[PDB]
Amino acid sequence: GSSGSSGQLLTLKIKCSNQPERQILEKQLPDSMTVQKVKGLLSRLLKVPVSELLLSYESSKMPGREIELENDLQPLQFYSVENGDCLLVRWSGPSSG
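What follows is the structure in structure tokens.
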């Protein structure tokens with residue numbers, strides 16, 4: 308790709324919230340990337356629609372607490388997400404409301 312200076316790539320770990328058994332992987336993405344893109348990238352992987360793809364990162368400073376990213380147009384840096392953090396991919400099937 309480009310790999311320019313603008314925006315740096317963070318190193319986090321992806322782990323399905325509903326599928327704990329599923330081994331953990333590591334993906335490097337530019338803090339600039341919009342939560343939306345991250346969801347669309349995995350959408351084709353887990354065959355899940357970016358809509359049902361609820362991304363939630365765990366802030367080290369505040370353990371035992373996850374932040375459900377509702378805004379997609381917002382980058383990763385917007386949620387104070389820095390290398391080392393943990394990525395949680397959660398999705399629901401049967402709608403309710």
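Final position of the sequence shown in the numbering used here is 404; the numbers increase by one with none missing. Even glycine gets a Cβ: it sits at the ideal position worked out from N, Cα and C.
* Asked: Among the residues of its own chain, which have a CB less than 6 angstroms from the CB of residue 320, if the five just before and after it don't count?
  -> In the sequence shown, the residue the question calls residue 320 occupies position 13. Answer for residue 320: 331, 333, 393, listed in chain order.
* To do: Starting from residue 376, follow the alpha helix (DSSP H) in both directions and report where the run begins and ends.
  => Here residue 376 refers to the residue found at position 69 when the sequence shown is read from its first residue. Per DSSP, residue 376 lies in no alpha helix (DSSP H) segment and is marked neither H nor E.
* Please say whether residue 314 and residue 338 have beta carbons closer to each other than 7 angstroms? => Residue numbering aside, residue 338 sits at position 31 when the sequence shown is read from its first letter. Residue numbering aside, residue 314 sits at position 7 when the sequence shown is read from its first letter. For residue 338 and residue 314, yes; Cβs fall inside 7 angstroms.
* To do: Determine which residues share a DSSP beta bridge with residue 336 and list them.
  => Taking the sequence shown and counting its residues from 1, one reaches residue 336 at position 29. Paired residue(s): 317.
* Run of the beta strand (DSSP E) containing residue 361, from where it starts to where it stops -> The residue you call residue 361 lines up with position 54 of the sequence shown. 361 to 365 is the extent of the beta strand (DSSP E) around residue 361.
* Asked: Who pairs with residue 322 in a beta bridge, going by DSSP?
  -> Within the sequence shown, numbered from 1, the residue matching residue 322 stands at position 15. According to DSSP, which records beta bridges pairwise, residue 322 is partnered with 395.
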